[PDB]
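This is what each chain is made of:
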Amino acid sequence: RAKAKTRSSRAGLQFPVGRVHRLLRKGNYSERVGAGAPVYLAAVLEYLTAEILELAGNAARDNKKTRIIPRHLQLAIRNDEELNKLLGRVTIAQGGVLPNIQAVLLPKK
Amino acid sequence: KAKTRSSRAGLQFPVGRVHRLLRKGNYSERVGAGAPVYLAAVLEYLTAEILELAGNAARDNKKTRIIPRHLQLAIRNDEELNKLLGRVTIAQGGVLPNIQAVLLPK
Amino acid sequence: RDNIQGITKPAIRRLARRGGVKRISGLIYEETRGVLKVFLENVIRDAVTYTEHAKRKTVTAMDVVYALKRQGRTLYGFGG
Amino acid sequence: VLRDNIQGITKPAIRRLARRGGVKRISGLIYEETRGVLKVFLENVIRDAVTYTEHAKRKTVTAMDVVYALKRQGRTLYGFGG
Amino acid sequence: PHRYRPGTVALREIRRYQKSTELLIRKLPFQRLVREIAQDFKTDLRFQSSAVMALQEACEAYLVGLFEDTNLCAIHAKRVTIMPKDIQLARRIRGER
Amino acid sequence: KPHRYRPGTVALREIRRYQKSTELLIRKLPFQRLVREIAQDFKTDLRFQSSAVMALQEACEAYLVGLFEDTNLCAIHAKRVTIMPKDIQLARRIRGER
Amino acid sequence: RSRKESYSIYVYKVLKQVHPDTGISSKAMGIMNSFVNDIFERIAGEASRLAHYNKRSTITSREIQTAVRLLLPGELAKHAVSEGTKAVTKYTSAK
Amino acid sequence: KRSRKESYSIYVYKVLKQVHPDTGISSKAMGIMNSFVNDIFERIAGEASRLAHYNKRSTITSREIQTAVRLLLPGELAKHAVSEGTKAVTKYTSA
DNA sequence: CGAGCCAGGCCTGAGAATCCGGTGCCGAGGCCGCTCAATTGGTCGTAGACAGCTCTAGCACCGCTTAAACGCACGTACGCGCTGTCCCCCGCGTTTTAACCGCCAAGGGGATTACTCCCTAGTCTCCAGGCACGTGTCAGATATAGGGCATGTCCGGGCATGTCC
DNA sequence: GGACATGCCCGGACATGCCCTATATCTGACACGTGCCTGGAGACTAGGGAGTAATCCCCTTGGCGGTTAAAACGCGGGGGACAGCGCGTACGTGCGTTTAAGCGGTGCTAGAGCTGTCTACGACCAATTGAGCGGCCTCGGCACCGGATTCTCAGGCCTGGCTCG
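Reading the values: the criteria
Chain by chain, residues are numbered from 1 following the written sequence, and this numbering need not agree with the entry; no residue without coordinates is displayed. Think of it this way: whatever chain is written first is A, whatever ligand is written first is 1, and the rest follow in order. No hydrogens and no water enter the side-chain calculation; it runs on all heavy atoms of the structure. UniProt positions are given in the numbering used here, feature names are shortened, and annotations may be inferred rather than shown by experiment. Runs of H or I in DSSP of at least four residues are treated as helices and runs of E of at least two as strands, each being numbered from the N terminus. Note on contacts: a residue pair qualifies if any of its non-hydrogen atoms lie within 4.5 Å across the two residues. By the counting scheme adopted, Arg and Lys are positive, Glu and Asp are negative, and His together with the chain ends is not counted. To locate a charge, the coordinates of NZ of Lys, CZ of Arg, CG of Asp or CD of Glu are taken. Take the number of residues in a helix, subtract one, and multiply by 1.5 Å to get its expected span. Throughout this description, buried means an accessible area under 20% of the type-specific maximum (1.4 Å probe, protein chains only), exposed means over 50%, and partly exposed covers the range between. Arc, as used here, means the arc of the directions from the helix axis to the C-beta atoms. For our purposes a nonpolar core is just a set of buried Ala, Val, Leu, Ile, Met, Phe, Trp, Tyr and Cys residues, chained together by side-chain atoms within 4.5 Å. Buried surface area refers to the total accessible area, computed with a probe of radius 1.4 Å, that the two partners give up upon joining, counted for both partners together. By salt bridge we mean one thing: a side-chain nitrogen of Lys or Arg within 4 Å of a carboxyl oxygen of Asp or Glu. For the purposes of these results, a polar contact is taken to be a pair of N or O atoms within 3.5 Å, where, inside protein, one atom must be able to donate a hydrogen and its partner to accept one; residues adjacent in sequence count only when each atom of the pair is a side-chain atom. Only strands joined by at least two bridges in the DSSP assignment are considered to pair.

- If you look chain E up in the PDB entry, it shows as Histone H3.1 from Homo sapiens.
- On record in UniProt, under Sequence similarities, the comment for chain E is "Belongs to the histone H3 family."

Here it is, written out as structure tokens:
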């Protein structure tokens, strides 16, 4: 019997091809499912996770902070135009809001 | 002789057709016998209400045939139908003749 | 009853402050109370409907998450 | 290649659209923004429509493609198919 | 000769065009615009008649609604003339801008 | 004479303070009593999970913050600073909630 | 000879039941077909999700009823539920 | 010992260690990541199912998945995702 | 010219960001045990890729007619700016009060496991009604004509303040 | 002070087009007849998912308290909300023109739509085990509290030049 090696490893991915496949199969989406669909899904989810984690890490280091916290996730999403667009209708718990003051509210000399 | 479930139930929409469309939409692996009957009855109720209001609006316009304009009047004048169809655009419907009070002459 | 006064004036001021407003009219408070109450009515209606369909007697966090999701604002952090 | 047909979206047409919306007075400077806005709308719809057209191995945009595109942008349209 | 007061004819046109249902945007310039935009996304597209009519109905409904909201914001500001800033406010508050 | 800041300075200071942090601003227990009272008008003797009330509270504060952001923007459009009920009503009418 | 799917004959029967004096144009009929199909899709989809969330694999009348209660406004929901219940009871007795 | 509750915690951690070897993750943040991944999953799978249905397709393939990804993701994100998916699928098929 | 009082400038008295530091704490990361589902393997239904034919209308062209756009002239109504007012909310201080954490009892139902049962997928067979096709036919678009009234305009009655005896 | 006559303003009497009402024609779009065949209806079988009973423990509900940060209230005030007025400038409205919008007819072929085959692709089931999830430890990153520090800012003292007697 051949040594068992995982599909994620075969694809160079970290997300589970088998698990994503089972959830896709059992999500009542279709009776027949292709082999490449879970590969694509795992690749897109890993890519998006990698980009969000990059921005959140950047924000954390800018704050001299070593662990990603929800505040850093909220800052990372809102500070990128495309992530903010994708997640326009998403509220992050414990995320707060962007520091931003309208020009008219600032004091004048 | 063959007699249909709608006939036994006294309804107008076809139980068989609603059943086929629910079954073949890839919605669930088993389907109960009462669900398409219930659905047909609700659809009948809503159709009767919309045609009632549209007929009323047509008669108010001295029209014997309902047109899309009358359908738009019926949907937009009824608070609950307007709520149900808040994000619905009816073609050739126009808008309600509504003029803001501040824009009227003095 | 009298619990509507538990959304206290400094609380509405603080919520409004996070919204970025600098000055708050005295008539704002009642308006905020009304808006919040209507919002709650709709959310709680949906939540209790879900709880009753499941033959439960206690509103769960997941019920609330579904109510919020169907209301058009998805909330992350309590499951799902 | 059609070029500079943007001038075909006329000022009085926009005025009539505003009249149907209940607008009594329209600034002369409104029109270019409206034209830009109109263009933006088209840019979204056509992208979805042509995508559907391209997915189905078709090269001619159909009414059903457009209705589905409009529906999936939340602006569902009645009268051209369900 | 005779001259109508400013405002009466505007209101008359509002009533006229809100009472009836014919399309108000010209078919041919709209079709030409559609073809120009389509050219930059995919080559040599063909369009159904009912497809262009669908785009035109959708566009006219969208613009009518936007102009309604613009008028409401202008009157809210004790104004009658619509301004570009009115359009921008309406679109920002609607959440598309 | 005792020190006194001119009107606005403390407003900006509190704006910065509450926009920098994320801890919840509405009191938990009064909201909980309110939610149970309102809920009882729909179904009697209903129960609530703790995490359910916390979810409802997070949602409420996010909704109010967004509504107040839009109200402030509409007020500024009218060359005003102080928000008034008609501003709330305009914001909600244009959002499509009315 | 391409068979399609429409409710034309049934809409016409209901119309004749409520108003046996009024006709209907092609555009209006298209709007009615779009409307009925849209309502169908909304209600069936909500019922399907409801059933999935509670670990139910069969579409029965209780989930349909709850979905109707969620989607229809007050008086509309009450009248629809009443008509549905009476109709289902008459069918079940008639078998 | 409770029932089997599936989650993606270990895979998110593996990707994080790939992209940021010295960075951790909190429970709240992991919950936010799970909500995000599940949401994107639901969106893509649903859009792909609808696409396949519209074209009278009864089998789920990779073309609808790719088109759905292109519809939902912005420009450069779609291009990068498509590149990764094609390379990964062709490499997998080689095995 | 001498004394006076203040305007103004510069060198010491100040509430929040600069960290700076320390200590506790609690929960995520790792490890281990259990466990259940993805694999691998094989077989068989099946459906959609590709060919092939048909046939529909999209595109282009031509022609014509006529309503609309555009440019200009002109009057004008209010957006913006400015000024004045006032009122009522921000900020601080004082008194209150319940929020929140702490702690402990108690009960009830969500979920689990097991047993049963009945309801619909599946298949078979037969039949009936819904949809192209066709055809009759009638209500609104188009057109013309007639009554009546809104409107920018005019006129008569009532009010008001100036003037003469 | 009483009488007189009119200036002026506002509420009733008016010639053009817009709204409203009446009616003939048709015509193509709406309503009705037909065949049939594919989906709907009647019937038998199975099995697995749904209905129902017993447990529990954990997850919620209920209760006392304290005390302190938050809530309720008093009050000065000043700056922003709101009313009023000028203007001029860009926009409402009218008119000639051309410019193209809109309708009728035909091309025909690219491209949408219907059907034939079958072989790759995926559904479906047995055994397995290794990845994936529940439970426990801990220590380090995070949370709470005390500490010095500077800074953009305010205030008091000294200097200097203007003015009056």
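## Observations regarding the overall build of chain G
Turning to step 1, where the next piece is worked out: Check the secondary structure of chain G and you find four helices and two strands.
Turning to step 2, where the next piece is worked out: Taken from the N to the C terminus, the helices and strands of chain G come in the order α-β-α-β-α-α.
Turning to step 3, where the next piece is worked out: Overall, the C-alpha framework of chain G stretches about 45 × 30 × 30 Å when taken along its three principal axes.
Turning to step 4, where the next piece is worked out: If you take every contact in chain G between residues at least 6 apart in sequence, the share linking residues at least 24 apart comes to 30%.
Turning to step 5, where the next piece is worked out: For chain G, the distance from the average site of its 16 positive side-chain charges to the average site of its 8 negative ones is 6 Å.

## Section: helix α4 (residues 74-94) of chain G
Two residues of an α-helix separated by three or four positions point the same way, owing to the 3.6 residues in each turn.
Turning to step 1, where the next piece is worked out: Along its 21 residues, α4(G) runs 30 Å from first to last C-alpha, staying within 8% of the 30 Å computed at 1.5 Å per residue.
Turning to step 2, where the next piece is worked out: Of the residues making up α4(G), those classed as buried are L76(G), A77(G), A80(G), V81(G), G84(G), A87(G) and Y91(G). Projected down its long axis, α4(G) shows its buried positions confined to an angular sector of 145°, all on one face. Of the exposed residues in α4(G), the ones pointing more than 90 degrees away from its buried face are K78(G), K86(G) and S93(G).
Turning to step 3, where the next piece is worked out: The elements touched by buried residues of α4(G) are α1 (5-9), α3 (34-60) and α5 (79-84) of chain B together with α3 (61-71) of chain G.
Turning to step 4, where the next piece is worked out: A positive backbone phi angle near 60° is found at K95(G), which sits one or two residues after α4(G).

## Here's the deal with the arrangement of the chains
Turning to step 1, where the next piece is worked out: Contacts between protein chains span 15 pairs of chains, and they are most numerous for chains D and E.
Turning to step 2, where the next piece is worked out: Considering only C-alpha positions, the minimal separation of the non-contacting chain F and chain G is 13 Å.

## Remarks on the nonpolar core
Turning to step 1, where the next piece is worked out: Residues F15(A), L48(A), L73(A), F36(H), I40(H), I44(H) and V69(H) are the most contacted members of the largest nonpolar core, which totals 57 residues.
Turning to step 2, where the next piece is worked out: Where this core is concerned, the elements lending two or more residues are α2 (17-25), α3 (36-62), α4 (70-78) and α5 (81-86) of chain A together with α1 (9-19), α2 (27-54), α3 (62-72) and α4 (75-94) of chain H.
Turning to step 3, where the next piece is worked out: If one sorts the elements of this core by residue count, α3(A) sits on top with 14 residues.

## Description of the interface of chain C and chain A
Turning to step 1, where the next piece is worked out: Taken together, the contact pairs seven residues of chain C with seven residues of chain A.
Turning to step 2, where the next piece is worked out: When the area that chain C buries against chain A is broken down by residue, the three leading residues are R18(C), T74(C) and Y76(C), summing to 59%.
Turning to step 3, where the next piece is worked out: The tally of links between chain C and chain A comes to zero salt bridges.
Turning to step 4, where the next piece is worked out: The interface formed by chain C and chain A holds one residue pair in polar contact in total.
Turning to step 5, where the next piece is worked out: With two bridges joining them, strand β3 (residues 90-91) of chain A and strand β3 (residues 74-75) of chain C adopt parallel strand pairing.

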